[PDB]
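Protein chains in written order, with the authors' numbering: chain D, 1940 to 1950; chain A, 1601 to 1697; chain E, 1552 to 1648.
Every residue gets a Cβ at the ideal spot worked out from N, C-alpha and C, and that includes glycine.
Quick notes on the structure that follows.
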Amino acid sequence: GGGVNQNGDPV
Amino acid sequence: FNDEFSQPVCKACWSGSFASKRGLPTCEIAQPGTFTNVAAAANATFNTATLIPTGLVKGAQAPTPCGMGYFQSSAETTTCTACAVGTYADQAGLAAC
Amino acid sequence: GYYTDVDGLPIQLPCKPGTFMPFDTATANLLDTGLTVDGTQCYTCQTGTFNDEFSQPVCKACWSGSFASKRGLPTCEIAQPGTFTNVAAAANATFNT
Ligand SMILES: *[C@@H]1O[C@H](CO)[C@@H](O[C@@H]2O[C@H](CO)[C@@H](O[C@@H]3O[C@H](CO[C@@H]4O[C@H](CO[C@H]5O[C@H](CO)[C@@H](O)[C@H](O)[C@@H]5O)[C@@H](O)[C@H](O)[C@@H]4O)[C@@H](O)[C@H](O[C@@H]4O[C@H](CO)[C@@H](O)[C@H](O)[C@@H]4O)[C@@H]3O)[C@H](O)[C@H]2NC(C)=O)[C@H](O)[C@H]1NC(C)=O
Ligand SMILES: *[C@@H]1O[C@H](CO)[C@@H](O[C@@H]2O[C@H](CO)[C@@H](O[C@@H]3O[C@H](CO[C@@H]4O[C@H](CO[C@H]5O[C@H](CO)[C@@H](O)[C@H](O)[C@@H]5O)[C@@H](O)[C@H](O)[C@@H]4O)[C@@H](O)[C@H](O[C@@H]4O[C@H](CO)[C@@H](O)[C@H](O)[C@@H]4O)[C@@H]3O)[C@H](O)[C@H]2NC(C)=O)[C@H](O)[C@H]1NC(C)=O
């Protein structure tokens, strides 16, 4: 999750 | 989402899918280069004595793009796979590095 | 708005249209908690914002009548007949001279 803004669902 | 007639509760979008709009009859499927993994999403369970469903946790609204250095090729998935030697992924959300 | 990810790059490269790069972590616009900027990573645009220009320090805010549901959209999505979007607080970032 690098370079992904607003964060996201964990892999 | 909800796809049936005369329901007392909606249904939670599963992992690998999302519902971005309101009142969708079907869940949208994540596309290559993205994924949704909501582990707490669950469907309502009907109380067989009172016929009332209680536990609903909504799914994902938007898909998460794969991070830099990772990629995803299949559509309905819950994870990103780092690609092997000789290849790289310098953008977020790549269908193939 | 510029980045360099490998050693000895001749020129700064511009962030691609869907992404942005702020001055630093403190003065950054919408950018989440754990994310830090050190000049090696362009960051996507938050949902509800968009960007279509190269080498930008901030993402642009989607106007009333349109929306951005995914991450790092080069363009905003137009609301369709039957729906609408009215955010009165939406505003672009103003530049200090
Ligand atoms: C709450 O309760 C809900 C009750 O309906 C429940 O909804 C149901 O959820 C299930 C999933 O748990 C939906 O299942 C459907 O399965 C289809 C196939 O799934 C996978 O297909 C693969 C096929 O292989 C191809 O693709 C793979 C990669 O994906 C690739 O490797 C191959 O080469 C092939 O190209 C297969 O390998 C896997 O093993 C699986 O079997 C999906 O395609 C369905 O997608 C749907 O398409 C429907 C078409 O009409 C559409 O109606 C749906 O909206 C959706 O787009 C889907 O994934 C089941 O459909 C769904 N019920 C309904 C009617 O929507 C919720 O899951 C539950 N919520 C929670 C959180 O538990
Ligand atoms: C922050 O800064 C941003 C800087 O860019 C700024 O983005 C810009 O915002 C403006 C709007 O404020 C965008 O304008 C564009 O207008 C186009 C048309 O809008 C209306 O179209 C009428 C034409 O008539 C048709 O439609 C009417 C009803 O809509 C109908 O009655 C007729 O029958 C016709 O069907 C026209 O007369 C009116 O005067 C209006 O102008 C839209 O189509 C544009 O949509 C874009 O399409 C582009 C295709 O390449 C693309 O850029 C996107 O897909 C986008 O959806 C758009 O709405 C202007 O384009 C936009 N700039 C960029 C580069 O995107 C933000 O608004 C600002 N944010 C805030 C909060 O201030």
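**Prompt:** Name the chain D residues whose beta carbon is nearer than 7 Å to that of E:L1582?
**Reply:** Here the question's residue 1582 of chain E lines up with position 31 in the third sequence. Under the 7 Å cutoff, chain D gives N1944.
**Request:** Output yes or no for whether 8 Å exceeds the beta carbon distance between E:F1618 and E:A1630.
**Result:** As a working mapping, residue 1618 of chain E is identified with position 67 in the third sequence. As a working mapping, residue 1630 of chain E is identified with position 79 in the third sequence. Taking a C-beta distance under 8 Å as the contact criterion, E:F1618 and E:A1630 qualify as a contact pair.
**Asked** A:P1665 touches chain E at which residues, Cβ-Cβ below 9 Å?
**Response** Walking along the second sequence from the start, residue 1665 of chain A turns up at place 65. The contact set of A:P1665 on chain E, defined by CB atoms closer than 9 Å, consists of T1595, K1621, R1622 and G1623 in chain order.
**Asked** Taking a cut-off of 6 Å, which residues have a beta-carbon closer than that to any heavy atom of ligand 2, in chain order?
**Response** Chain-ordered, the residues whose CB falls short of 6 Å from any heavy atom of ligand 2 come out as E:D1603, E:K1611, E:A1612, E:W1614, E:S1617, E:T1626, E:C1627, E:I1629, E:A1641, E:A1642 and E:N1643.
**Request:** Report the three-state DSSP secondary structure of E:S1617 (helix, strand or coil).
**Result:** Taking the first residue of the third sequence as position 1, residue 1617 of chain E is located at position 66. In the three-state DSSP reduction, E:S1617 falls in the strand class (E or B).
**Prompt:** Would the C-beta of A:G1659 count as close to ligand 1, meaning under 7 Å from any of its heavy atoms?
**Reply:** As a first step, residue 1659 of chain A must be located in the second sequence, where it is residue number 59. Within the cutoff, so yes.
**Asked** What are the partner residues of E:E1628, as DSSP defines its beta bridges?
**Response** Here the question's residue 1628 of chain E lines up with position 77 in the third sequence. Looking at the DSSP assignment, E:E1628 forms a beta bridge with E:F1618.
**Message:** If contact is defined by three or more beta carbon pairs under 8 Å, each pair taking one atom from either stretch, is the region 1602 to 1615 of chain A in contact with the region 1604 to 1624 of chain E?
**Reply:** Segments in contact, no.
**Prompt:** Under three-state DSSP, which class holds A:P1653?
**Reply:** Here residue 1653 of chain A is taken as the residue at index 53 of the second sequence, counted from 1. Three-state DSSP puts A:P1653 in a strand.
**Prompt:** Can a CB atom of chain D be found closer than 8 Å to the CB of A:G1669?
**Reply:** Within the second sequence, numbered from 1, the residue matching residue 1669 of chain A stands at position 69. It does: the Cβ of A:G1669 has a partner Cβ on chain D nearer than 8 Å.
**Asked** Comparing the CB of A:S1674 with every heavy atom of ligand 1, is any distance shorter than 7 Å?
**Response** What you label residue 1674 of chain A is simply residue 74 of the second sequence in a count that begins at 1. Answer for A:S1674: yes, Cβ within range of ligand 1.
**Request:** Flag A:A1660 as yes if its beta-carbon sits less than 8 Å from any beta-carbon of chain E, otherwise no.
**Result:** Position 60 of the second sequence holds residue 1660 of chain A. Nearest CB-CB separation between A:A1660 and chain E: not below the 8 Å threshold.
**Message:** On the criterion of 16 or more Cβ atoms from any shown chain inside 10 Å, does A:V1638 qualify as buried, or is it exposed?
**Reply:** On the second sequence, position 38 is the one that residue 1638 of chain A refers to. So A:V1638 counts as buried.
**Request:** Residues of the region 1680 to 1692 of chain A with a CB closer than 8 Å to any CB of chain D: list them in chain order, please.
**Result:** Per Cβ criterion, the list reads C1680, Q1691 and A1692.
**Prompt:** Quick one: does E:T1636 have its CB under 8 Å from some CB of chain A?
**Reply:** The sequence position of residue 1636 of chain E within the third sequence is 85, counting from 1. No, E:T1636 lies away from the interface with chain A (no Cβ there is under 8 Å from its Cβ).
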